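Below is one structure, written out as structure tokens; the observations come after it.
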Amino acid sequence: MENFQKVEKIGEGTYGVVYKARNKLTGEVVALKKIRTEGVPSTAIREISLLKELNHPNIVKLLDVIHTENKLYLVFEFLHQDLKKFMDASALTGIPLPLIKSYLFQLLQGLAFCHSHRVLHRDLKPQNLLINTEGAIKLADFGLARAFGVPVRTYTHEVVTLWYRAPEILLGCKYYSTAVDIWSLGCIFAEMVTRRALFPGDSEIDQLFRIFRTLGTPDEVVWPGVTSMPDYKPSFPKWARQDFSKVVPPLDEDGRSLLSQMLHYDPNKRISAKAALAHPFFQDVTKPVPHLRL
Ligand SMILES: CC(C)(C)[C@@H]1CCc2[nH]nc(C(=O)NN)c2C1
């Protein structure tokens, strides 16, 4: 924008490019997302503008939504690092368990809030999770994919990651439930613990089959109505569920049982964020400070 001094290209989200910018009128530095266009739908703008009221300590504040010159700008509070970069930076040593637990806990808190307000994220991923030096982690781009419908690619024609996509989305479910975010967070929790993505699919079917290979091909027994889903094919290979202790070693039993609940196939059996906050895994949760290299 004309009111800002680009500092760096924070990155390039699925919807446009993101810039670290200083408000040459307030001096505060923000993350400025520029969105892609014959007029632009006002249905999507009111939905996003509603996100400005969704304020919580574990949600990146959406400062402004500006629609001008066929461009949509989203002004976000700036955090110094995303979880994907922090995980890469901790690749050799791994993120300490107390910090992983604190991060999971805070994210469930952020989700409990969004979901209690009927707002779903729909595209949770490490790059969407921002952390600060004080030990806080925050959800960002909350409710964005809603009024926009996830595009096959991004602005730079890169590639949308499906690694954190819930099985019902992959099977063509028309309606998303808050359960999709719990699934994504479960995948992230496992990745923080093991230092490797849980389901690194590079296509929709590869994603699906990677899920099936590990948790077993779902059927009417574990997931009623699954065989009636849009993209469900009776021809799907039938993989036996893998022993779970193999999925996230060496995570303890409490962590493992919570993760299994976050990864139940049936969205109805999948644990809610609120219930998860009461899980015994969080009996000794604390708030460690990360060692950040800014
Ligand atoms: C749209 C994406 C890219 C997910 C974030 C929006 C808000 C934000 N705040 N700090 C950051 C940040 O990347 N700090 N370095 C971001 C980025």
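Ligands are numbered from 1 in the order shown, residues from 1 within each chain, and chains are lettered A, B, ... in the order they appear in the structure tokens.
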
Considering only C-alpha atoms and all ligand atoms, give me a table of residues in chain A that are at most 7 Å from ligand 1, with the closest atom pair and distance in Å for each, as a tab-separated table.
residue	atom	partner	partner_atom_place_in_ligand_line	distance
A:10	CA	ligand 1	13 (O)	5.3
A:11	CA	ligand 1	3 (C)	6.1
A:12	CA	ligand 1	3 (C)	6.8
A:13	CA	ligand 1	3 (C)	5.5
A:18	CA	ligand 1	3 (C)	5.8
A:30	CA	ligand 1	9 (N)	6.8
A:31	CA	ligand 1	8 (C)	4.9
A:33	CA	ligand 1	1 (C)	6.1
A:60	CA	ligand 1	7 (C)	6.2
A:76	CA	ligand 1	7 (C)	4.8
A:77	CA	ligand 1	9 (N)	5.2
A:78	CA	ligand 1	10 (N)	3.6
A:79	CA	ligand 1	10 (N)	3.7
A:80	CA	ligand 1	15 (N)	4.1
A:81	CA	ligand 1	15 (N)	4.3
A:82	CA	ligand 1	13 (O)	5.7
A:127	CA	ligand 1	4 (C)	6.0
A:128	CA	ligand 1	4 (C)	4.3
A:130	CA	ligand 1	11 (C)	6.3
A:140	CA	ligand 1	4 (C)	5.5
A:141	CA	ligand 1	1 (C)	5.8

query = Near residue 255 of chain A, within 9 Å and counting only C-alpha atoms, which residues show up once chain neighbours fewer than 5 positions away are dropped, as a list in words?
reply = residues 101, 260, 280, 281 and 282 of chain A

All alpha helix (DSSP H) residues (DSSP, backbone) inside segment 19-225 of chain A, as JSON, numbers by chain = {"A": [42, 43, 44, 45, 46, 47, 48, 49, 50, 51, 83, 84, 85, 86, 87, 88, 89, 97, 98, 99, 100, 101, 102, 103, 104, 105, 106, 107, 108, 109, 110, 111, 112, 113, 114, 115, 116, 167, 168, 169, 170, 179, 180, 181, 182, 183, 184, 185, 186, 187, 188, 189, 190, 191, 192, 193, 194, 204, 205, 206, 207, 208, 209, 210, 211, 212, 213, 214, 215]}

message = as a count of residues only, please: the residues near segment 159-176 of chain A (cut-off 8 Å, only C-alpha atoms, same-chain neighbours under 6 positions excluded).
response = 31

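Proximity to residue 277 of chain A was assessed for A:70, A:90, A:109, A:23 counting only C-alpha atoms; the smallest distance is recorded for A:109.
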
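Closest to residue 120 of chain A among A:221, A:262, A:91, A:180 is A:180, based on only C-alpha atoms.
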
task = Would you mind listing what lies within 10 Å of segment 36-46 of chain A as an NGL selection string, with only C-alpha atoms counted and same-chain residues fewer than 6 positions away left out?
result = :A and (14-17 or 65-73 or 144-149 or 154-155)

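The nearest approach to residue 21 of chain A among the residues A:51, A:74, A:237, A:288, with only C-alpha atoms taken into account, belongs to A:74.
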
ask   = Would you give me, as a PyMOL selection string, the residues in segment 12-256 of chain A that DSSP reads as strand (DSSP E)?
value = chain A and resi 17-23+29-35+62-68+71-77+81-82+129-131+137-139

Same residues, N, CA, C and O atoms, output as a CSV table (one decimal), in the first residue's frame:
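Saved result, part_13.csv, follows:
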chain,number,residue,atom,x,y,z
A,17,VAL,N,0.3,-12.1,-1.8
A,17,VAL,CA,1.6,-12.0,-1.1
A,17,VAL,C,1.5,-11.3,0.2
A,17,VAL,O,0.6,-10.5,0.5
A,18,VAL,N,2.4,-11.7,1.1
A,18,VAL,CA,2.4,-11.1,2.5
A,18,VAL,C,3.6,-10.3,2.7
A,18,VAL,O,4.7,-10.7,2.3
A,19,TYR,N,3.5,-9.1,3.2
A,19,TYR,CA,4.6,-8.3,3.5
A,19,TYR,C,4.7,-7.8,4.9
A,19,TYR,O,3.7,-7.7,5.6
A,20,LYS,N,5.9,-7.6,5.4
A,20,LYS,CA,6.1,-7.1,6.7
A,20,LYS,C,6.2,-5.6,6.4
A,20,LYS,O,6.9,-5.2,5.5
A,21,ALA,N,5.3,-4.8,7.0
A,21,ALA,CA,5.2,-3.4,6.7
A,21,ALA,C,5.2,-2.5,7.9
A,21,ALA,O,4.6,-2.9,8.9
A,22,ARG,N,5.7,-1.3,7.8
A,22,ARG,CA,5.7,-0.4,8.9
A,22,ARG,C,4.6,0.7,8.5
A,22,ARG,O,4.7,1.3,7.4
A,23,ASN,N,3.7,1.0,9.5
A,23,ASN,CA,2.7,2.0,9.2
A,23,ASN,C,3.4,3.4,9.3
A,23,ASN,O,3.5,3.9,10.4
A,29,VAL,N,4.7,-1.9,13.2
A,29,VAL,CA,5.0,-2.8,12.1
A,29,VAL,C,3.9,-3.9,12.1
A,29,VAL,O,3.5,-4.4,13.1
A,30,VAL,N,3.4,-4.2,10.9
A,30,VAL,CA,2.3,-5.2,10.7
A,30,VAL,C,2.7,-6.2,9.6
A,30,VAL,O,3.7,-6.1,8.9
A,31,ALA,N,1.8,-7.2,9.4
A,31,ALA,CA,2.0,-8.2,8.4
A,31,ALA,C,0.9,-7.8,7.4
A,31,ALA,O,-0.3,-7.8,7.8
A,32,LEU,N,1.2,-7.5,6.2
A,32,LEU,CA,0.2,-7.0,5.3
A,32,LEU,C,0.0,-8.0,4.1
A,32,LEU,O,0.9,-8.3,3.4
A,33,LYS,N,-1.2,-8.6,4.1
A,33,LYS,CA,-1.5,-9.6,3.1
A,33,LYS,C,-2.3,-8.9,1.9
A,33,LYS,O,-3.3,-8.3,2.2
A,34,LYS,N,-1.8,-9.1,0.7
A,34,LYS,CA,-2.4,-8.5,-0.5
A,34,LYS,C,-3.2,-9.6,-1.2
A,34,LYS,O,-2.5,-10.5,-1.7
A,35,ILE,N,-4.5,-9.5,-1.3
A,35,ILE,CA,-5.3,-10.5,-2.0
A,35,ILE,C,-5.6,-10.1,-3.5
A,35,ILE,O,-5.8,-9.0,-3.9
A,62,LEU,N,-6.6,-9.3,13.7
A,62,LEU,CA,-6.8,-8.8,12.3
A,62,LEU,C,-7.1,-7.4,12.6
A,62,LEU,O,-8.2,-7.1,13.0
A,63,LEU,N,-6.2,-6.5,12.2
A,63,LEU,CA,-6.3,-5.1,12.4
A,63,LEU,C,-7.3,-4.4,11.5
A,63,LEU,O,-8.2,-3.7,11.9
A,64,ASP,N,-7.1,-4.6,10.2
A,64,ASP,CA,-8.0,-4.0,9.2
A,64,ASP,C,-8.2,-4.9,8.0
A,64,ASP,O,-7.4,-5.7,7.6
A,65,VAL,N,-9.4,-4.6,7.3
A,65,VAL,CA,-9.7,-5.3,6.1
A,65,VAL,C,-10.0,-4.1,5.1
A,65,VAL,O,-11.0,-3.4,5.2
A,66,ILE,N,-9.1,-3.9,4.1
A,66,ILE,CA,-9.3,-2.8,3.2
A,66,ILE,C,-9.5,-3.3,1.8
A,66,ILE,O,-8.6,-3.9,1.2
A,67,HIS,N,-10.6,-2.9,1.2
A,67,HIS,CA,-10.9,-3.2,-0.2
A,67,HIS,C,-10.8,-2.0,-1.0
A,67,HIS,O,-11.7,-1.1,-0.9
A,68,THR,N,-9.8,-1.9,-1.9
A,68,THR,CA,-9.6,-0.7,-2.7
A,68,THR,C,-8.8,-1.0,-4.0
A,68,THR,O,-7.8,-1.8,-3.9
A,71,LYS,N,-8.2,-4.7,-5.0
A,71,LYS,CA,-7.3,-5.4,-4.2
A,71,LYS,C,-7.8,-5.4,-2.8
A,71,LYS,O,-8.5,-4.5,-2.3
A,72,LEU,N,-7.6,-6.6,-2.1
A,72,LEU,CA,-8.1,-6.7,-0.7
A,72,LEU,C,-6.9,-6.9,0.2
A,72,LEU,O,-6.1,-7.8,0.0
A,73,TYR,N,-6.7,-5.9,1.1
A,73,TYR,CA,-5.6,-6.0,2.0
A,73,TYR,C,-6.1,-6.4,3.4
A,73,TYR,O,-7.2,-6.0,3.8
A,74,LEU,N,-5.3,-7.3,4.0
A,74,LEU,CA,-5.6,-7.7,5.4
A,74,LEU,C,-4.4,-7.3,6.2
A,74,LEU,O,-3.3,-7.6,5.9
A,75,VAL,N,-4.7,-6.5,7.2
A,75,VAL,CA,-3.6,-6.0,8.1
A,75,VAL,C,-3.7,-6.8,9.4
A,75,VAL,O,-4.6,-6.7,10.1
A,76,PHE,N,-2.6,-7.5,9.6
A,76,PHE,CA,-2.5,-8.3,10.8
A,76,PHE,C,-1.4,-7.8,11.7
A,76,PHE,O,-0.4,-7.1,11.3
A,77,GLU,N,-1.5,-8.1,13.0
A,77,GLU,CA,-0.5,-7.8,14.0
A,77,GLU,C,0.7,-8.6,13.5
A,77,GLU,O,0.5,-9.7,13.0
A,81,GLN,N,7.8,-15.0,14.2
A,81,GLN,CA,8.1,-16.2,13.6
A,81,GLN,C,7.0,-17.2,13.5
A,81,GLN,O,6.1,-17.2,14.4
A,82,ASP,N,6.9,-18.0,12.4
A,82,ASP,CA,5.9,-19.0,12.3
A,82,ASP,C,6.4,-20.3,12.8
A,82,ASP,O,7.6,-20.5,12.8
A,129,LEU,N,0.6,-20.7,12.0
A,129,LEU,CA,0.8,-20.6,13.4
A,129,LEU,C,2.0,-19.7,13.8
A,129,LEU,O,3.1,-20.0,13.4
A,130,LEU,N,1.7,-18.6,14.5
A,130,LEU,CA,2.7,-17.7,14.8
A,130,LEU,C,3.1,-17.7,16.2
A,130,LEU,O,2.3,-17.7,17.1
A,131,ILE,N,4.4,-17.5,16.5
A,131,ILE,CA,4.9,-17.6,17.9
A,131,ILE,C,5.6,-16.3,18.3
A,131,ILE,O,6.1,-15.6,17.4
A,137,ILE,N,1.6,-18.7,21.2
A,137,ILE,CA,1.5,-19.2,19.8
A,137,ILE,C,0.1,-18.8,19.4
A,137,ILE,O,-0.8,-18.8,20.2
A,138,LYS,N,-0.1,-18.3,18.2
A,138,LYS,CA,-1.4,-17.8,17.7
A,138,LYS,C,-1.8,-18.3,16.4
A,138,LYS,O,-1.0,-18.5,15.5
A,139,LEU,N,-3.1,-18.5,16.2
A,139,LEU,CA,-3.7,-19.0,15.0
A,139,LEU,C,-3.8,-17.7,14.1
A,139,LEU,O,-4.2,-16.7,14.6

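Closest approach to residue 247 of chain A among A:263, A:97, A:48, A:190: A:190, based on only C-alpha atoms.
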
request  = Fewer than 5 positions away in the same chain doesn't count, so skip those; otherwise give me all residues within 10 Å of segment 114-119 of chain A, counting only C-alpha atoms, as JSON, numbers by chain.
outcome  = {"A": [51, 54, 55, 56, 58, 59, 108, 109, 139, 142, 143, 144, 146, 177, 178, 179, 181, 272, 273, 274]}

Grab the residues selected above and save them as an mmCIF file, in the first residue's frame with C-alpha atoms.
data_model
loop_
_atom_site.group_PDB
_atom_site.id
_atom_site.type_symbol
_atom_site.label_atom_id
_atom_site.label_comp_id
_atom_site.auth_asym_id
_atom_site.auth_seq_id
_atom_site.Cartn_x
_atom_site.Cartn_y
_atom_site.Cartn_z
ATOM 1 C CA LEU A 51 -13.091 -11.624 11.701
ATOM 2 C CA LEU A 54 -12.653 -12.290 16.688
ATOM 3 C CA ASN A 55 -10.099 -11.193 19.282
ATOM 4 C CA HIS A 56 -8.367 -13.696 21.561
ATOM 5 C CA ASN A 58 -4.209 -17.025 20.776
ATOM 6 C CA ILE A 59 -5.550 -15.516 17.586
ATOM 7 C CA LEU A 108 -6.796 -25.654 21.545
ATOM 8 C CA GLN A 109 -7.725 -22.575 23.588
ATOM 9 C CA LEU A 139 -3.685 -18.977 14.964
ATOM 10 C CA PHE A 142 -8.812 -17.675 10.857
ATOM 11 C CA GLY A 143 -12.029 -17.952 8.875
ATOM 12 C CA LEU A 144 -10.290 -16.816 5.671
ATOM 13 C CA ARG A 146 -14.483 -19.793 4.373
ATOM 14 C CA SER A 177 -17.408 -28.997 10.915
ATOM 15 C CA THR A 178 -15.143 -27.652 13.638
ATOM 16 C CA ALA A 179 -13.686 -31.184 13.585
ATOM 17 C CA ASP A 181 -9.405 -27.940 12.628
ATOM 18 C CA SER A 272 -13.669 -31.048 20.510
ATOM 19 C CA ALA A 273 -11.156 -28.349 21.385
ATOM 20 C CA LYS A 274 -12.966 -27.720 24.679
#

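Between residue 256 of chain A and the candidates A:193, A:292, A:278, A:87, the tightest atom-to-atom separation, counting only C-alpha atoms, involves A:193.
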